[PDB]
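model04.pdb follows; it contains PDB, C-alpha atoms.
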```
ATOM      1  CA  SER A   1      25.633 -42.767  62.525
ATOM      2  CA  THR A   2      23.511 -39.819  61.468
ATOM      3  CA  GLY A   3      23.548 -36.050  61.705
ATOM      4  CA  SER A   4      20.842 -33.396  61.514
ATOM      5  CA  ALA A   5      21.403 -29.628  61.432
ATOM      6  CA  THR A   6      19.163 -26.641  60.875
ATOM      7  CA  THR A   7      20.034 -24.355  57.983
ATOM      8  CA  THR A   8      18.956 -20.706  58.163
ATOM      9  CA  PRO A   9      18.607 -18.034  55.445
ATOM     10  CA  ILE A  10      21.211 -15.305  55.781
ATOM     11  CA  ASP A  11      18.763 -12.542  54.829
ATOM     12  CA  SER A  12      15.144 -11.820  53.955
ATOM     13  CA  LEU A  13      15.653 -12.906  50.323
ATOM     14  CA  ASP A  14      17.093 -16.385  50.983
ATOM     15  CA  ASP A  15      20.282 -15.340  49.188
ATOM     16  CA  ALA A  16      22.080 -18.213  50.905
ATOM     17  CA  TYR A  17      21.716 -20.496  53.904
ATOM     18  CA  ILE A  18      24.075 -21.014  56.827
ATOM     19  CA  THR A  19      24.461 -24.132  58.944
ATOM     20  CA  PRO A  20      26.448 -24.276  62.197
ATOM     21  CA  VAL A  21      29.523 -26.522  62.086
ATOM     22  CA  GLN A  22      31.763 -27.492  65.014
ATOM     23  CA  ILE A  23      35.488 -27.462  64.184
ATOM     24  CA  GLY A  24      38.313 -28.449  66.489
ATOM     25  CA  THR A  25      38.752 -29.190  70.173
ATOM     26  CA  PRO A  26      37.277 -27.453  72.070
ATOM     27  CA  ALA A  27      34.692 -26.829  69.381
ATOM     28  CA  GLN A  28      34.783 -23.614  67.413
ATOM     29  CA  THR A  29      31.353 -23.132  65.845
ATOM     30  CA  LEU A  30      31.328 -21.452  62.437
ATOM     31  CA  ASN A  31      28.298 -20.844  60.225
ATOM     32  CA  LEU A  32      29.068 -22.369  56.845
ATOM     33  CA  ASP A  33      27.346 -22.286  53.466
ATOM     34  CA  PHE A  34      26.681 -25.910  52.501
ATOM     35  CA  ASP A  35      27.391 -26.054  48.758
ATOM     36  CA  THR A  36      26.476 -29.094  46.660
ATOM     37  CA  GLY A  37      28.183 -27.362  43.736
ATOM     38  CA  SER A  38      31.726 -27.369  45.162
ATOM     39  CA  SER A  39      33.979 -29.686  47.117
ATOM     40  CA  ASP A  40      36.130 -27.607  49.494
ATOM     41  CA  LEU A  41      35.486 -27.026  53.194
ATOM     42  CA  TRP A  42      37.118 -23.645  53.754
ATOM     43  CA  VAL A  43      36.865 -21.144  56.581
ATOM     44  CA  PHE A  44      37.748 -17.644  57.593
ATOM     45  CA  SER A  45      40.603 -18.070  60.023
ATOM     46  CA  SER A  46      43.256 -16.473  62.178
ATOM     47  CA  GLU A  47      45.374 -16.643  59.000
ATOM     48  CA  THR A  48      42.990 -14.553  56.875
ATOM     49  CA  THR A  49      44.409 -11.163  55.859
ATOM     50  CA  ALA A  50      43.058  -8.896  58.577
ATOM     51  CA  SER A  51      41.659  -6.267  56.193
ATOM     52  CA  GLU A  52      39.603  -9.014  54.504
ATOM     53  CA  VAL A  53      37.788 -10.019  57.716
ATOM     54  CA  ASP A  54      34.737  -7.917  58.595
ATOM     55  CA  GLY A  55      32.523  -9.547  61.211
ATOM     56  CA  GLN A  56      32.931 -13.240  60.346
ATOM     57  CA  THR A  57      33.698 -15.807  63.006
ATOM     58  CA  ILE A  58      37.171 -17.231  62.452
ATOM     59  CA  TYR A  59      38.731 -20.641  63.015
ATOM     60  CA  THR A  60      41.973 -20.444  65.020
ATOM     61  CA  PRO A  61      43.829 -23.752  64.567
ATOM     62  CA  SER A  62      46.373 -22.909  67.269
ATOM     63  CA  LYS A  63      43.523 -23.061  69.805
ATOM     64  CA  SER A  64      42.422 -26.548  68.705
ATOM     65  CA  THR A  65      44.264 -29.442  70.318
ATOM     66  CA  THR A  66      43.256 -31.727  67.426
ATOM     67  CA  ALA A  67      44.356 -29.444  64.572
ATOM     68  CA  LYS A  68      47.349 -30.509  62.508
ATOM     69  CA  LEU A  69      48.895 -28.601  59.624
ATOM     70  CA  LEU A  70      48.637 -30.630  56.405
ATOM     71  CA  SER A  71      52.205 -29.962  55.415
ATOM     72  CA  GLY A  72      52.719 -28.463  51.976
ATOM     73  CA  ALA A  73      49.028 -28.386  51.093
ATOM     74  CA  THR A  74      47.464 -25.307  49.536
ATOM     75  CA  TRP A  75      44.098 -24.567  47.981
ATOM     76  CA  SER A  76      42.604 -21.974  45.675
ATOM     77  CA  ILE A  77      39.060 -21.825  44.359
ATOM     78  CA  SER A  78      36.975 -19.627  42.091
ATOM     79  CA  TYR A  79      33.191 -19.757  42.071
ATOM     80  CA  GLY A  80      30.672 -19.185  39.306
ATOM     81  CA  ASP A  81      29.858 -15.712  40.649
ATOM     82  CA  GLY A  82      33.472 -14.579  40.257
ATOM     83  CA  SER A  83      34.352 -14.808  43.954
ATOM     84  CA  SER A  84      37.447 -16.672  45.138
ATOM     85  CA  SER A  85      39.531 -17.657  48.142
ATOM     86  CA  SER A  86      42.791 -19.474  48.848
ATOM     87  CA  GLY A  87      45.067 -20.584  51.657
ATOM     88  CA  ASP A  88      46.629 -23.541  53.449
ATOM     89  CA  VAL A  89      45.164 -26.653  55.059
ATOM     90  CA  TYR A  90      44.751 -28.244  58.470
ATOM     91  CA  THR A  91      43.149 -31.507  59.433
ATOM     92  CA  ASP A  92      40.814 -31.361  62.409
ATOM     93  CA  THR A  93      37.653 -32.825  63.875
ATOM     94  CA  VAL A  94      34.496 -31.497  62.231
ATOM     95  CA  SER A  95      30.960 -32.169  63.447
ATOM     96  CA  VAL A  96      27.658 -31.320  61.768
ATOM     97  CA  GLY A  97      24.422 -31.836  63.645
ATOM     98  CA  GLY A  98      25.956 -34.519  65.866
ATOM     99  CA  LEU A  99      27.843 -36.354  63.093
ATOM    100  CA  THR A 100      31.616 -36.282  63.650
ATOM    101  CA  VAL A 101      34.460 -36.749  61.160
ATOM    102  CA  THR A 102      38.026 -36.915  62.400
ATOM    103  CA  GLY A 103      40.869 -35.883  60.136
ATOM    104  CA  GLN A 104      38.721 -33.661  57.929
ATOM    105  CA  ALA A 105      40.614 -31.253  55.714
ATOM    106  CA  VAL A 106      39.780 -27.749  56.911
ATOM    107  CA  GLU A 107      41.024 -25.249  54.353
ATOM    108  CA  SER A 108      42.118 -22.078  56.129
ATOM    109  CA  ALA A 109      41.729 -18.905  54.082
ATOM    110  CA  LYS A 110      44.694 -16.615  53.800
ATOM    111  CA  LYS A 111      42.877 -14.521  51.184
ATOM    112  CA  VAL A 112      39.214 -14.076  50.280
ATOM    113  CA  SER A 113      37.639 -11.922  47.590
ATOM    114  CA  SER A 114      35.608  -8.827  48.378
ATOM    115  CA  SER A 115      32.185 -10.461  48.206
ATOM    116  CA  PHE A 116      33.169 -12.822  51.036
ATOM    117  CA  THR A 117      34.566 -10.007  53.190
ATOM    118  CA  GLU A 118      31.405  -7.976  52.586
ATOM    119  CA  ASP A 119      29.111 -10.782  53.797
ATOM    120  CA  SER A 120      29.555 -11.008  57.547
ATOM    121  CA  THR A 121      27.034 -13.861  57.883
ATOM    122  CA  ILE A 122      29.034 -16.584  56.059
ATOM    123  CA  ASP A 123      32.130 -17.909  57.831
ATOM    124  CA  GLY A 124      33.108 -20.290  55.030
ATOM    125  CA  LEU A 125      31.823 -23.022  52.751
ATOM    126  CA  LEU A 126      31.274 -26.753  53.199
ATOM    127  CA  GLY A 127      31.404 -28.440  49.830
ATOM    128  CA  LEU A 128      29.133 -31.389  49.089
ATOM    129  CA  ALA A 129      29.865 -32.057  45.405
ATOM    130  CA  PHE A 130      32.152 -34.920  44.422
ATOM    131  CA  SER A 131      35.660 -34.989  45.863
ATOM    132  CA  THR A 132      37.166 -34.967  42.360
ATOM    133  CA  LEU A 133      36.513 -31.180  42.390
ATOM    134  CA  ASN A 134      38.445 -30.533  45.610
ATOM    135  CA  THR A 135      41.185 -27.973  44.959
ATOM    136  CA  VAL A 136      43.787 -29.006  47.563
ATOM    137  CA  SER A 137      47.230 -29.491  46.030
ATOM    138  CA  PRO A 138      49.340 -31.580  45.781
ATOM    139  CA  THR A 139      47.089 -34.144  47.517
ATOM    140  CA  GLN A 140      43.387 -33.755  46.792
ATOM    141  CA  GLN A 141      41.195 -34.025  49.886
ATOM    142  CA  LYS A 142      37.806 -35.593  50.534
ATOM    143  CA  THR A 143      34.592 -33.777  51.353
ATOM    144  CA  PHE A 144      32.917 -34.048  54.731
ATOM    145  CA  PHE A 145      30.281 -36.330  53.206
ATOM    146  CA  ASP A 146      32.881 -38.552  51.544
ATOM    147  CA  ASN A 147      34.724 -38.926  54.860
ATOM    148  CA  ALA A 148      31.501 -39.613  56.782
ATOM    149  CA  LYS A 149      29.903 -41.922  54.218
ATOM    150  CA  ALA A 150      31.174 -45.270  55.482
ATOM    151  CA  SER A 151      30.004 -44.519  59.034
ATOM    152  CA  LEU A 152      26.527 -43.321  58.025
ATOM    153  CA  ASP A 153      23.500 -45.569  58.419
ATOM    154  CA  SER A 154      22.836 -44.954  54.715
ATOM    155  CA  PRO A 155      25.217 -43.172  52.302
ATOM    156  CA  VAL A 156      22.942 -40.181  51.736
ATOM    157  CA  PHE A 157      22.342 -36.605  52.724
ATOM    158  CA  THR A 158      19.199 -34.557  52.255
ATOM    159  CA  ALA A 159      18.551 -30.864  51.692
ATOM    160  CA  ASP A 160      15.248 -29.393  52.891
ATOM    161  CA  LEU A 161      15.672 -25.668  52.358
ATOM    162  CA  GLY A 162      13.018 -23.274  53.623
ATOM    163  CA  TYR A 163      11.275 -20.427  51.838
ATOM    164  CA  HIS A 164      11.897 -17.397  54.061
ATOM    165  CA  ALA A 165      12.331 -19.875  56.924
ATOM    166  CA  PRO A 166      14.885 -22.320  58.348
ATOM    167  CA  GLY A 167      15.260 -25.809  56.950
ATOM    168  CA  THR A 168      17.329 -28.932  57.532
ATOM    169  CA  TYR A 169      20.364 -30.825  56.279
ATOM    170  CA  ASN A 170      20.309 -34.477  57.322
ATOM    171  CA  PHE A 171      23.133 -36.999  56.937
ATOM    172  CA  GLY A 172      22.697 -40.748  56.876
ATOM    173  CA  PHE A 173      18.904 -41.056  56.855
ATOM    174  CA  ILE A 174      15.777 -39.979  54.998
ATOM    175  CA  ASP A 175      13.186 -38.292  57.247
ATOM    176  CA  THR A 176       9.955 -39.712  55.861
ATOM    177  CA  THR A 177       7.942 -37.063  57.760
ATOM    178  CA  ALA A 178       9.631 -34.216  55.877
ATOM    179  CA  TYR A 179       7.934 -34.598  52.486
ATOM    180  CA  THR A 180       4.602 -35.444  50.912
ATOM    181  CA  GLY A 181       3.910 -38.186  48.430
ATOM    182  CA  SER A 182       6.844 -40.206  47.163
ATOM    183  CA  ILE A 183      10.453 -39.430  46.298
ATOM    184  CA  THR A 184      11.237 -39.731  42.590
ATOM    185  CA  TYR A 185      14.826 -40.745  41.931
ATOM    186  CA  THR A 186      16.728 -39.803  38.804
ATOM    187  CA  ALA A 187      20.126 -40.665  37.375
ATOM    188  CA  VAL A 188      23.246 -38.622  38.134
ATOM    189  CA  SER A 189      26.359 -38.098  36.037
ATOM    190  CA  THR A 190      29.508 -37.425  38.055
ATOM    191  CA  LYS A 191      31.625 -36.758  34.950
ATOM    192  CA  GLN A 192      31.953 -33.045  35.786
ATOM    193  CA  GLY A 193      32.119 -33.568  39.557
ATOM    194  CA  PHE A 194      28.582 -32.245  40.141
ATOM    195  CA  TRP A 195      25.220 -33.690  41.103
ATOM    196  CA  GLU A 196      24.288 -33.477  37.423
ATOM    197  CA  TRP A 197      20.922 -34.796  36.265
ATOM    198  CA  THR A 198      18.377 -34.326  33.474
ATOM    199  CA  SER A 199      15.006 -32.729  34.118
ATOM    200  CA  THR A 200      12.203 -33.990  31.901
ATOM    201  CA  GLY A 201      10.693 -30.576  31.137
ATOM    202  CA  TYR A 202       8.831 -27.589  32.476
ATOM    203  CA  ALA A 203       5.603 -25.651  32.685
ATOM    204  CA  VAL A 204       4.914 -21.958  33.262
ATOM    205  CA  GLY A 205       2.006 -21.219  35.587
ATOM    206  CA  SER A 206      -1.074 -23.229  34.649
ATOM    207  CA  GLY A 207       0.303 -23.820  31.150
ATOM    208  CA  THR A 208       0.872 -27.153  29.483
ATOM    209  CA  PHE A 209       3.955 -29.147  30.381
ATOM    210  CA  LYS A 210       6.706 -29.064  27.756
ATOM    211  CA  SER A 211       8.555 -32.377  27.627
ATOM    212  CA  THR A 212      12.210 -31.582  26.947
ATOM    213  CA  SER A 213      15.482 -32.763  28.455
ATOM    214  CA  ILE A 214      17.257 -30.142  30.556
ATOM    215  CA  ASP A 215      20.653 -31.234  31.877
ATOM    216  CA  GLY A 216      21.721 -29.313  34.953
ATOM    217  CA  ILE A 217      23.208 -29.471  38.428
ATOM    218  CA  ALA A 218      21.597 -29.531  41.866
ATOM    219  CA  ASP A 219      23.510 -26.684  43.545
ATOM    220  CA  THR A 220      22.601 -25.485  47.039
ATOM    221  CA  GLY A 221      25.346 -22.882  46.821
ATOM    222  CA  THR A 222      23.696 -20.985  43.943
ATOM    223  CA  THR A 223      20.773 -18.707  44.847
ATOM    224  CA  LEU A 224      18.814 -18.724  41.598
ATOM    225  CA  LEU A 225      17.494 -21.066  38.915
ATOM    226  CA  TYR A 226      19.536 -20.788  35.690
ATOM    227  CA  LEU A 227      17.958 -22.395  32.628
ATOM    228  CA  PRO A 228      18.211 -22.185  28.838
ATOM    229  CA  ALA A 229      17.265 -18.849  27.304
ATOM    230  CA  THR A 230      14.248 -20.352  25.527
ATOM    231  CA  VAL A 231      12.773 -21.595  28.812
ATOM    232  CA  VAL A 232      13.508 -18.364  30.669
ATOM    233  CA  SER A 233      11.985 -16.251  27.894
ATOM    234  CA  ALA A 234       8.840 -18.384  27.992
ATOM    235  CA  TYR A 235       8.555 -17.808  31.742
ATOM    236  CA  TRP A 236       9.044 -14.040  31.757
ATOM    237  CA  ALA A 237       6.761 -13.553  28.756
ATOM    238  CA  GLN A 238       3.936 -14.356  31.186
ATOM    239  CA  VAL A 239       4.837 -11.381  33.434
ATOM    240  CA  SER A 240       3.612  -8.038  32.082
ATOM    241  CA  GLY A 241       6.489  -5.590  31.892
ATOM    242  CA  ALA A 242       9.259  -8.122  32.546
ATOM    243  CA  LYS A 243      12.371  -7.708  30.431
ATOM    244  CA  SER A 244      16.012  -8.687  30.328
ATOM    245  CA  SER A 245      18.218  -5.782  31.418
ATOM    246  CA  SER A 246      21.871  -5.874  30.380
ATOM    247  CA  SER A 247      22.658  -3.065  32.824
ATOM    248  CA  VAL A 248      21.098  -4.860  35.779
ATOM    249  CA  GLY A 249      22.363  -8.270  34.668
ATOM    250  CA  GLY A 250      19.231 -10.306  34.032
ATOM    251  CA  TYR A 251      15.469 -10.362  33.889
ATOM    252  CA  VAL A 252      13.697  -7.753  35.990
ATOM    253  CA  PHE A 253       9.988  -7.276  36.465
ATOM    254  CA  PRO A 254       7.612  -4.709  37.998
ATOM    255  CA  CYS A 255       7.473  -5.198  41.738
ATOM    256  CA  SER A 256       3.669  -4.776  41.450
ATOM    257  CA  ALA A 257       3.438  -8.010  39.436
ATOM    258  CA  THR A 258       2.116 -11.336  40.684
ATOM    259  CA  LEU A 259       4.525 -14.014  39.426
ATOM    260  CA  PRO A 260       3.364 -17.324  37.961
ATOM    261  CA  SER A 261       4.650 -20.602  39.304
ATOM    262  CA  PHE A 262       7.293 -22.635  37.480
ATOM    263  CA  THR A 263       7.148 -26.434  37.312
ATOM    264  CA  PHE A 264      10.094 -28.704  36.529
ATOM    265  CA  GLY A 265       9.975 -32.402  35.758
ATOM    266  CA  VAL A 266      11.786 -35.166  37.634
ATOM    267  CA  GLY A 267      11.017 -38.282  35.658
ATOM    268  CA  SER A 268       7.228 -38.455  35.521
ATOM    269  CA  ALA A 269       6.948 -36.348  38.692
ATOM    270  CA  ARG A 270       6.582 -32.587  38.907
ATOM    271  CA  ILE A 271       8.007 -30.041  41.350
ATOM    272  CA  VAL A 272       6.126 -26.727  41.508
ATOM    273  CA  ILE A 273       8.037 -23.563  42.420
ATOM    274  CA  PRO A 274       5.465 -21.030  43.659
ATOM    275  CA  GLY A 275       5.624 -17.619  42.005
ATOM    276  CA  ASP A 276       6.588 -15.941  45.278
ATOM    277  CA  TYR A 277       9.826 -17.945  45.355
ATOM    278  CA  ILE A 278      10.895 -16.243  42.096
ATOM    279  CA  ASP A 279      10.790 -12.711  43.568
ATOM    280  CA  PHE A 280      14.204 -11.404  44.645
ATOM    281  CA  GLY A 281      12.978  -7.933  45.437
ATOM    282  CA  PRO A 282      13.935  -4.420  44.386
ATOM    283  CA  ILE A 283      17.114  -4.156  42.338
ATOM    284  CA  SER A 284      18.184  -1.312  44.661
ATOM    285  CA  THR A 285      16.537   0.011  47.787
ATOM    286  CA  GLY A 286      13.292   1.790  46.952
ATOM    287  CA  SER A 287      13.178   0.689  43.323
ATOM    288  CA  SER A 288       9.953  -0.583  41.777
ATOM    289  CA  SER A 289      11.988  -2.877  39.494
ATOM    290  CA  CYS A 290      12.427  -6.332  41.014
ATOM    291  CA  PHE A 291      15.041  -8.978  40.235
ATOM    292  CA  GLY A 292      13.867 -12.304  38.858
ATOM    293  CA  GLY A 293      14.694 -15.659  40.389
ATOM    294  CA  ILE A 294      14.788 -17.508  37.054
ATOM    295  CA  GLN A 295      17.627 -16.348  34.817
ATOM    296  CA  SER A 296      19.324 -17.504  31.637
ATOM    297  CA  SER A 297      22.227 -19.950  31.816
ATOM    298  CA  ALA A 298      23.409 -18.954  28.336
ATOM    299  CA  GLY A 299      26.544 -17.272  29.710
ATOM    300  CA  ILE A 300      27.358 -19.994  32.265
ATOM    301  CA  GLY A 301      27.833 -23.150  30.203
ATOM    302  CA  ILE A 302      25.621 -25.247  32.489
ATOM    303  CA  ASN A 303      22.070 -25.150  33.794
ATOM    304  CA  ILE A 304      21.841 -24.699  37.555
ATOM    305  CA  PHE A 305      18.999 -25.875  39.791
ATOM    306  CA  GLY A 306      19.875 -23.520  42.617
ATOM    307  CA  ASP A 307      18.065 -22.667  45.808
ATOM    308  CA  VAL A 308      14.982 -21.254  44.014
ATOM    309  CA  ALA A 309      14.297 -24.735  42.662
ATOM    310  CA  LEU A 310      15.665 -26.879  45.480
ATOM    311  CA  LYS A 311      13.743 -25.091  48.236
ATOM    312  CA  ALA A 312      10.496 -26.205  46.568
ATOM    313  CA  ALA A 313      11.490 -29.840  47.198
ATOM    314  CA  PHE A 314      12.866 -32.345  49.644
ATOM    315  CA  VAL A 315      16.072 -33.382  47.879
ATOM    316  CA  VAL A 316      17.977 -36.640  48.435
ATOM    317  CA  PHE A 317      21.665 -36.725  47.481
ATOM    318  CA  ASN A 318      22.234 -40.483  47.280
ATOM    319  CA  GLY A 319      25.963 -41.219  47.448
ATOM    320  CA  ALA A 320      25.754 -44.939  46.814
ATOM    321  CA  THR A 321      28.290 -46.520  44.458
ATOM    322  CA  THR A 322      26.089 -45.317  41.608
ATOM    323  CA  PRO A 323      24.839 -41.919  42.855
ATOM    324  CA  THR A 324      21.293 -40.725  42.235
ATOM    325  CA  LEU A 325      19.150 -37.708  43.137
ATOM    326  CA  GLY A 326      15.686 -37.870  44.648
ATOM    327  CA  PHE A 327      13.032 -35.146  44.658
ATOM    328  CA  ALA A 328       9.777 -35.014  46.594
ATOM    329  CA  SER A 329       7.206 -32.298  47.065
ATOM    330  CA  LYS A 330       6.755 -31.036  50.608
TER     331      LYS A 330
END
```
What would the structure in this file look like if it were written as structure tokens?
Amino acid sequence: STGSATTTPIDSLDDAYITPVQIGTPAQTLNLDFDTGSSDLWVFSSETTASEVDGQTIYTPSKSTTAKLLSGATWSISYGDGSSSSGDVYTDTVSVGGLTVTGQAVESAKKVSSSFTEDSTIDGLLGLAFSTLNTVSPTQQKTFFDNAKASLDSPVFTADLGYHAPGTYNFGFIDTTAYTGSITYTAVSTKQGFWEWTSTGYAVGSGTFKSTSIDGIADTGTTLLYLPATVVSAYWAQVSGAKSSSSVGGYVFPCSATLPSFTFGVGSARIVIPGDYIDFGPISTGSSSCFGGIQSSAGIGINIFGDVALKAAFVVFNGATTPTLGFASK
């Protein structure tokens, strides 16, 4: 089997991407944030505290003839941005782009943190990291990809995120018309539960490539590119007037600036992030200070190849017995 679904930016900045997902019988379609940096499929639901729902579409398990409470199971998750959610668990039929999994754990939110309530465009998350990170207790549950894997034509999914435009998540096949050149594959460590890999270096604009190992994670659920402070300083030093602002929370730059590109290495190959992709717009409405799309990871503990980086590539998440990542230009 295969599946193919369009993913759409939630706003004009590409802060996140939503992908329609069919849950239950008859189908309830929710728009979920596909997150290769986490491993829970959770949804706003009829069980979510009413004051914490503001415009999201909810899953109502009592209206699904295939829903079954997973007795005793609870979940609770915290994300790198400080947001969180928790609740109980049903199993139900879940379909993405024509690919159907029966008995998928659907984690129903009883509580969500304010940032989720305040974003009416995201009805939940669909985790695509390794199932070892799934938070369901006392019986850890598998991700949608893990459950689908055996049925797929090939044990892979691909992320083709758009810049200010829709893109595609495919399951079970590699669309050879969706990229240019060849796909360069690179080794993955699953020791932390992530799609963790080592970039071979970087360049700023037309500058020379610096060969240096940068370990980080391919994370579709993180907006920005978080890299070591040395690398980030080298980038922003090429933007007149850019500076790190403690009060704003990162590097800002004059909105009148033209940003240089940023290149990262994948083996001997190179992925170029155009300068435009690094502009996240005014820090507040009407400001002439703009927020940068490349930020320091120094306070995170891990480097994160988020959407800023991934949207410049066609990305293969190869879930074979020994997982690998592939990157192609497009």
**Study point:** Nearest candidate to residue 85 (chain A) (options A:64, A:100, A:45, A:57; using only C-alpha atoms)
**Key:** A:45
Let me know the centre plus edge lengths, in Å and rounded to one decimal, of a box with edges along x, y and z that contains all listed atoms of region 197-201 of chain A and is padded by 8 Å on every side, as JSON.
```
{"center_x": 15.8, "center_y": -32.7, "center_z": 33.7, "size_x": 26.2, "size_y": 20.2, "size_z": 21.1}
```
Check your understanding: So which residues touch region 21-32 of chain A within 6 Å, counting all atoms listed in the file, skipping near sequence neighbours fewer than 4 positions away, as an MDAnalysis selection string?
Key -> chainID A and resid 64:66 92:96 122:125
Exercise for review: With the file shown as input, list the residues that the PyMOL selection byres ((chain A and resi 109) around 12) selects, as a PyMOL selection string.
Suggested key: chain A and resi 40-50+52-53+58-61+74-77+84-90+106-108+110-113+116-117+123-125
Exercise for review: Starting from the shown file, work through the PyMOL selection byres ((chain A and resi 131-143) around 6) and note down what comes out as a VMD selection string.
Suggested key: chain A and resid 39 to 40 73 to 75 130 144 to 146 193
Please evaluate the PyMOL selection byres ((chain A and resi 240) around 12) against the structure above and give the resulting residues as a tab-separated table (two decimals) with C-alpha atoms, keeping the file's coordinate frame.
```tsv
chain	number	residue	atom	x	y	z
A	235	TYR	CA	8.56	-17.81	31.74
A	236	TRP	CA	9.04	-14.04	31.76
A	237	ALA	CA	6.76	-13.55	28.76
A	238	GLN	CA	3.94	-14.36	31.19
A	239	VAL	CA	4.84	-11.38	33.43
A	241	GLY	CA	6.49	-5.59	31.89
A	242	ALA	CA	9.26	-8.12	32.55
A	243	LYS	CA	12.37	-7.71	30.43
A	252	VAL	CA	13.70	-7.75	35.99
A	253	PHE	CA	9.99	-7.28	36.47
A	254	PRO	CA	7.61	-4.71	38.00
A	255	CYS	CA	7.47	-5.20	41.74
A	256	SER	CA	3.67	-4.78	41.45
A	257	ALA	CA	3.44	-8.01	39.44
A	258	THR	CA	2.12	-11.34	40.68
A	259	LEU	CA	4.53	-14.01	39.43
A	260	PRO	CA	3.36	-17.32	37.96
```
Review point. To one decimal place, how far is CA of residue 38 (chain A) from CA of residue 127 (chain A) in Å?
Key: 4.8 Å
Practice item. Compile the contact shell of residue 328 (chain A) as a PyMOL selection string: residues with an atom at most 12 Å away, counting only C-alpha atoms, same-chain residues fewer than 5 positions apart removed. Key: chain A and resi 158-160+174-186+264-272+309-316
Point to revise | Nearest to residue 150 (chain A), chosen from A:3, A:281, A:299, A:172, with all atoms listed in the file counted in the distances | key: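 Of A:3, A:281, A:299, A:172, the one nearest residue 150 (chain A), counting all atoms listed in the file, is A:172.
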Practice item. Would you work out the distance separating CA of residue 200 (chain A) from CA of residue 295 (chain A), expressed in Å to one decimal? Key: 18.7 Å
Exercise for review: Pick out the residues sitting within 8 Å of region 222-231 of chain A, and hand them over as a ChimeraX atom specification; count all atoms listed in the file, and ignore anything fewer than 5 positions along from it in its own chain.
Suggested key: /A:14-16,35,37,293-298,303-309
